[PDB]
Amino acid sequence: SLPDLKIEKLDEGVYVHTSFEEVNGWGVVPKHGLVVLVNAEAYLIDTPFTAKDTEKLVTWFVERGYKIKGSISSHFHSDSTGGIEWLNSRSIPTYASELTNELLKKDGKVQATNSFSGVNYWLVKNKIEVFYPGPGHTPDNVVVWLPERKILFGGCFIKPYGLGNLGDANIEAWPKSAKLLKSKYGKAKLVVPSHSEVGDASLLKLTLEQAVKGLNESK
Ligand SMILES: Nc1nc(C(=O)O)c(CCc2ccccc2)s1
Ligand SMILES: [Zn+2]
Ligand SMILES: [Zn+2]
């Protein structure tokens, strides 16, 4: 029924994986994550929704010679974490913030095997950075920065045309978090949202506008 998992080169050593779900009320929702190649190793930036799509994604790269060295989930929702259970089962290291794992635990979900905390975290020193801007889409949302190509993966926090599911959002904090993200990452060449097309740094401004507007609307 749905379109198939898509894998497409974004930049040198950077691929976008897109998986799909049909959500009641929203229609067909694409979900973007990244695969980042460092030498002969691959790192997943968010998992697809399902174990099946995660297995497809991993084997696409294995079959091309890359070893999967780990995955990082940008927040606790299943469009970022759905694949952790399968990855653990393959002894592929999974990473999430401490806050994300606590939210998984509390949601009754399997957690990543490695956790980190703090505002900045190197998944791979000088190549794959994780940054916590503050709460917005969810309390735990982090973003991932790739310094060489200046690519920002913004996950479900980057929401340039509407905020999406607010079930777990903190709309009071989201404009401060987004303003912080915009100042820190305005030099990004590419910004990759979870659910909308890749754009440039202006997606950070659009997200701040959507956050402010959403705060104002709620009064
Ligand atoms: N897996 C899903 N995540 C979200 C989310 O908000 O992150 C969904 C809501 C659909 C939507 C996505 C983007 C903009 C507007 C609406 S569905
Ligand atoms: Zn989410
Ligand atoms: Zn989402």
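As a basis for the values below, the full set of heavy atoms in this structure was taken, side chains included, without hydrogen atoms, waters or symmetry mates. For ligands, and for the atoms within them, numbers begin at 1 and follow the listed sequence. Index from 1, following the sequence.
For the Zn ion (ligand 2), the neighbouring protein N/O/S atoms at less than 2.8 Å, given as residue and atom, are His75 NE2, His77 ND1, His137 NE2.
When heavy-atom distances to ligand 1 are checked against a 4.0 Å cut-off, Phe49 comes that close only through its side chain, counted from C-beta outward. For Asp79, every heavy-atom contact with ligand 1 shorter than 4.0 Å involves the side chain, none the backbone. Within the 4.0 Å heavy-atom criterion, the part of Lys159 lying near ligand 1 is the side chain and not the backbone. Counting heavy atoms under 4.0 Å from ligand 1, residue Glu21 does not touch it at all.
Using a 3.5 Å distance cut-off with no hydrogens or angles, the side chains of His75 and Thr138 do not pair a donor with an acceptor. At a cut-off of 3.5 Å, with distance as the only test, a side-chain donor of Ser80 or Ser74 sits close to an acceptor on the other residue. A side-chain N or O of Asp79 and one of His195 form a donor-acceptor pair less than 3.5 Å apart.
Relative to the six-membered ring of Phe131, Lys184 meets both conditions, a distance below 6.0 Å and an angle of at most 45° to the axis.
Residues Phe61 and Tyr15 bring their aromatic ring centres within 6.0 Å.
When the side-chain contact (heavy atoms from CB on, under 4.5 Å) test is applied to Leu99, the partners found at least two apart in sequence or on another chain are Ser97, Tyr132, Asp140. When the side-chain contact (heavy atoms from CB on, under 4.5 Å) test is applied to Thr59, the partners found at least two apart in sequence or on another chain are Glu55.
Ligand 1 does not have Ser194 within reach: every non-hydrogen atom of the residue lies 4.0 Å or more from it.
The protein heavy atom nearest to atom 17 (S) of ligand 1 is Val29 CG1, 4.0 Å. Protein heavy atom closest to atom 3 (N) of ligand 1, with residue, atom name and distance, is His195 NE2, 3.0 Å. If you check which protein heavy atom lies closest to atom 15 (C) of ligand 1, you get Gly164 CA, 3.5 Å.
Looking at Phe153 and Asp46, their side chains come closer than 4.5 Å, going by heavy atoms from C-beta outward.
Taken to the nearest 0.5 Å, the CG atom of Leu146 stands 10.0 Å off from the CG atom of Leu190.
The contact set between ligand 1 and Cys156, taken as ligand atoms under 4.0 Å from a residue heavy atom, comprises 7 (O). With ligand atoms numbered from 1 in the order given, ligand 1 contributes 14 (C) to contacts under 4.0 Å with heavy atoms of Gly162.
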Just list the side-chain donor-acceptor pairs under 3.5 Å for residues 161-174, sequence neighbours left out, or say none.
residue	atom	partner	partner atom	Å
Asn165	OD1	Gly167	N	2.9
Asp168	OD2	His77	NE2	2.9
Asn170	OD1	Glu172	N	3.2
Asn170	OD1	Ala173	N	2.8

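Tested against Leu203, the residues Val191, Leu152, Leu208 include a single side chain to side chain contact (heavy atoms under 4.5 Å, CB included) partner, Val191.
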